[PDB]
Amino acid sequence: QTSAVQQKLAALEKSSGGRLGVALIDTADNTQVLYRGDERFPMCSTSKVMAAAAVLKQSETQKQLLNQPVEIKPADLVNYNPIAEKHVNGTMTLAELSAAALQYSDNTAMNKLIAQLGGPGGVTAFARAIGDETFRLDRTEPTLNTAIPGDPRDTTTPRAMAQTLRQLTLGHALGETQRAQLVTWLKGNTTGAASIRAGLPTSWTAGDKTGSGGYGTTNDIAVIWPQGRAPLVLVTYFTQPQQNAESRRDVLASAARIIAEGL
């Protein structure tokens, strides 16, 4: 039977007209709260966390990798390059590319991270290595954001992503220095003020990575540190029936608000 929490999420879903996916992990007792937790959703930019994490994993055995300068050619620019455009015919280190990809959702930066890993398959390979058997990255930017209904490309489930995000930020899928670096990047995100963060108590600290794409796909995954209690991991994926549907970050904030009550 559904709980009052799942009932509220379903009501929110019905009201929005789309399909909502939610996964909450409370590390206090390791219990999970899920809504369509095992259904696949287009990740869009939330996949950038896996790519950045994969590069962090590589740097565990190559201490200076993050500081390795990477050339940015005019032709490398894609559809959204807020940071990469400032370095055309110049360079960006993998750490700078990671920060740009995670904190500003720079798409060129993501393509450089994917390239560093040997292609989309390299990102998926990292996922499998850390126990994520669901995640799959098939394309590069910007086509990985098409978010076509039913298409399994570039998707994952809320449960899988929440489990993986916990392993990466609170668990030990990454080495000590690397885990901390990921947390630092997620906490400094500049794109999530209207998503999960908007629905959490203002006293709570959080790190997040948003995502958006076709079909009004609006996503956000976050790691949360409530005041006076063990941390949480929350994933909120949302997609709609029609290709040009508008963004609905408010739905994600609403889902977070629902999830936060009674904790």
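Data overview
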read-out: Cβ pairs under 8 Å, 6+ apart, first in the stretch 242-263 and farther than 10 Å from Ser16 by Cβ, second of a type in the set (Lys, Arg) and not in a helix (DSSP H, G or I); value: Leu263/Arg229
read-out: When residues of the stretch 93-105 are limited to those that are of a type outside the set (A, V, I, L, M) and part of a helix (DSSP H, G or I), the one surrounded by the most Cβ atoms within 10 Å (Cβ to Cβ); value: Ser98
read-out: Single residue of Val49, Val70, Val33 found to be surrounded by 24 or more Cβ atoms within 10 Å (Cβ to Cβ) and β-branched (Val, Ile, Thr); value: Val49
read-out: Scan of the stretch 106-122 for residues that are buried (at least 20 other Cβ atoms within 10 Å of the Cβ), more than 10 Å from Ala54 (Cα to Cα) and not polar (S, T, N, Q), ordered by number; value: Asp106, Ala109, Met110, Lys112
read-out: Filter pass, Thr205 being surrounded by fewer than 18 Cβ atoms within 10 Å (Cβ to Cβ), of a type in the set (S, T, N, Q) and more than 17 Å from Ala100 (Cα to Cα); value: yes
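Taken together, the values in this text are just the output of simple stated rules run on the coordinates, not laboratory data. Neighbour counts are summed over all protein chains in view; Cβ atoms, including those assigned to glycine, are modelled from backbone coordinates with ideal geometry.
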